[PDB]
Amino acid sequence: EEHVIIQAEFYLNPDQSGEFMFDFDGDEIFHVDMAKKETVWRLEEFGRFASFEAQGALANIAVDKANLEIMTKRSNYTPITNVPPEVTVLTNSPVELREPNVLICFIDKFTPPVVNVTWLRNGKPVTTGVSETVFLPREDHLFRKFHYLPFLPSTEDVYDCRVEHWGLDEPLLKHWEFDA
């Protein structure tokens, strides 16, 4: 083929969390904030060329919640078997000392879609500038997710992408540090 557009949604119990997003060849086009009830575009440039009525997504989610209830019972309450995530920390571009960069924490092939992620600089949590994506769907029906940490390269600092998930025995730390 050439291209694929995917409208993907889900609802998870007991969390009572849901999602509604559109995907183009693996990349998110936009998703709907369940709380704010507004559509949020991956790239702000997208909002300048298209639009989506967020209310519609909320309707589907309501129906999905109800359906999840039905499927759970009919399956005789069989729960999802956890699939721990593969985590890898990468840099956005080749690093240069004191040249702003971005640490990408790529969490892949996991389920269910609940994950606690923490960025750590020298063992301490960091929030300054962090950003994340929602859960991206995979052909095998597992999920993919990204977390971002902009930073300034140095020889004095070490980083870690801390990842928690139920299919994991304990928190997983993915280490990164400059190498001179």
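When you see a residue number, it is the position in the sequence shown, counting from 1.
In this entry, 73-81 has the higher mean Cα B-factor, the comparison being between 73-81 and 103-111. In this entry, 43-51 shows the higher mean Cα temperature factor of the pair 43-51 and 150-158. Out of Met34, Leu68, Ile61, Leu136, it is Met34 whose C-alpha atom has the highest B-factor in the PDB entry. Per the deposited record, the Cα B-factor of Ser93 falls in the highest third when ranked against the other modelled residues of its chain.
The deposited CA B-factor of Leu173 belongs to the lowest third of values across its chain. In the deposited entry, the Cα temperature factor of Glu132 sits in the middle third of values across the chain's modelled residues.
In this PDB entry, the Cα temperature factor of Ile29 sits in the middle third of its chain's modelled residues. Compared with the other modelled residues of the chain, the Cα B-factor recorded for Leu120 ranks in the middle third.
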